[PDB]
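To start, the structure under review is shown below, and the notes come after it.
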2 protein chains.
Amino acid sequence: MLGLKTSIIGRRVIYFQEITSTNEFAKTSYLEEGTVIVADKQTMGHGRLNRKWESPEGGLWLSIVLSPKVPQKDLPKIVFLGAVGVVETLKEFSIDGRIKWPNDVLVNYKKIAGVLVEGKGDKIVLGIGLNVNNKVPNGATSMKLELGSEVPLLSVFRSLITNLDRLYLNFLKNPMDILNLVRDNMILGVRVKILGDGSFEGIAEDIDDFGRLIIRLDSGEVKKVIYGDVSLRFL
Amino acid sequence: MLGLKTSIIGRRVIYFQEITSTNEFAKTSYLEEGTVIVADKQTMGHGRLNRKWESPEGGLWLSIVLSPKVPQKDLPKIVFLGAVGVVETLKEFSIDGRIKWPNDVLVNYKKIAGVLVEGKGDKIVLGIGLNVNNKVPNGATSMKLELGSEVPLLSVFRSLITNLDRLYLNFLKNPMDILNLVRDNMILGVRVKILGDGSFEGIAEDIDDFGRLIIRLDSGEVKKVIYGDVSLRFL
Ligand SMILES: Nc1ncnc2c1ncn2[C@@H]1O[C@H](COP(=O)(O)OC(=O)CCCC[C@@H]2SC[C@@H]3NC(=O)N[C@@H]32)[C@@H](O)[C@H]1O
Ligand SMILES: Nc1ncnc2c1ncn2[C@@H]1O[C@H](COP(=O)(O)OC(=O)CCCC[C@@H]2SC[C@@H]3NC(=O)N[C@@H]32)[C@@H](O)[C@H]1O
């Protein structure tokens, strides 16, 4: 009854009034590629590790099952598909979303969305949490807060699914294309602090051909940060 | 992201762009009570007894998983729950539908919806097909044809699920209530013919406490028609 016209993402949609976590349900259940798991609220939503992701009613909490047939070397770029998809949807609603490498979307440096990709073999789960009309924690913002008025959640869902399907289809044929879109929508040219096994500061210059964040330290040393157990902090 | 407020029916919804039959999928898949299976189009939609149910885009094709902890005796009234639900939704949209025993909903004697209940063991599958914006078979009708305008399909879905949840919750406590609702919304006092072996004709007087159609033959003989492979023609 939703009348989705996408090719892969959105072929099927499983909606829940409440769920523990759409990413967990998607990882655990036997699902077809393109199936979207979405819930009004999550009781055990999580980000990066197992850090809690606030998922109250009013936001868009979903996960997408993917089985990309592209080269193994390209797989790490799925998180960017989610971030760019969110940015494109935000621009459709006239909200200035910008990507904070590697998985966050900010509006005036406040976190409006987070992307979490989890994989086990050939099955990849793309999770996206976007604050729409819900209350948010400190350090965050929402579409409603930025626009000053409520936004139809279903409209945001339709927009995002349409964008993700297009991005995913093109990723299958041109896996390098997404990097261009990321660079064009990412926060760069500013000082950042990279937190991981230790920490260092420098200018976030760009992302390379593998999506690694290129940082120029003050002494001129160039470091390449790869996606993993590393966080980014703006100064 | 649908924000459904129902108690049981609609706690979970599985949407398909395309499916063979929502009833078949509901019967062969483990699903919690209240799960709704809905699709934009069915390629193998079917009716009460070996007949195809045209399910093109624009219509509302869905199935609901139920597991009524009620006496065996009542199980056969589930079809009425669907029929009455459709009648209530149509009324909300300014359409006067009437029930043609035992599972049809007509508008000015033109079929606008059909109900199909299948008990395959543990669960009971309540299937409902309602013509909204889709093209229909000759002699049939749709909400769009009745209103002369495009009706938002999702609004019809929301309305119907809301009505069905209420009817079902009440049914679990007061199983006989549905009968009078059917009587007040069913086509009675007219002549009908029961086809097949032992065929006969008479006036459809009412439905009894078991949902059987009570027919008065011209001879004065009274016959009770049960659910099943029954074919009924208005004379
Ligand atoms: N609603 C919210 N908006 C902005 N920040 C939040 C937030 N809820 C919690 N936070 C904070 O932001 C941090 C998020 O950590 P990360 O940057 O590593 O992590 C992320 O940004 C990934 C979040 C993915 C969420 C979606 S919801 C659908 C799917 N199902 C799930 O269970 N997860 C995914 C936490 O440390 C929190 O303190
Ligand atoms: N779309 C339509 N609108 C009105 N009449 C139709 C129609 N499609 C077919 N018909 C005719 O109406 C009669 C219907 O037969 P019955 O009275 O036995 O049967 C019914 O009316 C029950 C139909 C149930 C349909 C739903 S769709 C969701 C779920 N998934 C399924 O596969 N089925 C259920 C047939 O003899 C057809 O000629």
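Labels for the structure tokens follow display order: chains A, B, ..., residues from 1 in each chain, ligands from 1.
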**Request:** Dump as an NGL selection string the residues of chain B that approach chain A to within 12 Å, counting only C-alpha atoms.
**Result:** :B and (1-19 or 29-32 or 34-42 or 55-62 or 129-134 or 151-158)
task = With a distance cut-off of 7 Å and only C-alpha atoms, select the neighbouring residues of segment 114-121 of chain A, excluding the residue or stretch itself and same-chain residues fewer than 3 positions from it, and output the selection as a PyMOL selection string.
result = chain A and resi 47-48+79+82-83+103-105+124-130
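Once chain B has been superposed on chain A by least squares across all Cα atoms, the two differ by an RMSD of 0.7 Å.
Note that atom CA of residue 106 of chain B and atom 30 (N, counted along the ligand's line) of ligand 2 are 18.4 Å apart.
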Requested in this report: Can you pull out every residue within 12 Å of segment 179-185 of chain B, counting only C-alpha atoms, but drop anything in the same chain fewer than 5 positions away, and send it as number ranges by chain?
Outcome: B: 74, 76-88, 91, 96-107, 167, 171, 174, 204-214
- Go through segment 47-114 of chain B and collect every residue that DSSP, computed from the backbone, puts in helix (DSSP H, G or I); the answer should be as a PyMOL selection string. chain B and resi 72-92
The distance between atom CA of residue 168 of chain A and atom CA of residue 21 of chain A is 22.9 Å
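For the pair atom CA of residue 217 of chain B and atom CA of residue 109 of chain B, the interatomic distance is 22.8 Å.
The protein and nucleic acid residues lying at most 12 Å from residue 199 of chain B are residues 192, 193, 194, 195, 217, 223, 225, 230, 231, 232 and 233 of chain B, with only C-alpha atoms considered and sequence neighbours fewer than 4 positions away removed.
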Item to complete: Apply DSSP to the structure's backbone, then extract all residues of segment 44-129 of chain A labelled strand (DSSP E or B) and return them as a PyMOL selection string.
Response: chain A and resi 46+52+60-66+98-100+104-107+110-120+123-129
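You can rank A:136, A:26, A:222, A:65 by their closest distance to ligand 1 using only C-alpha atoms and all ligand atoms, and at the top of that list sits A:136.
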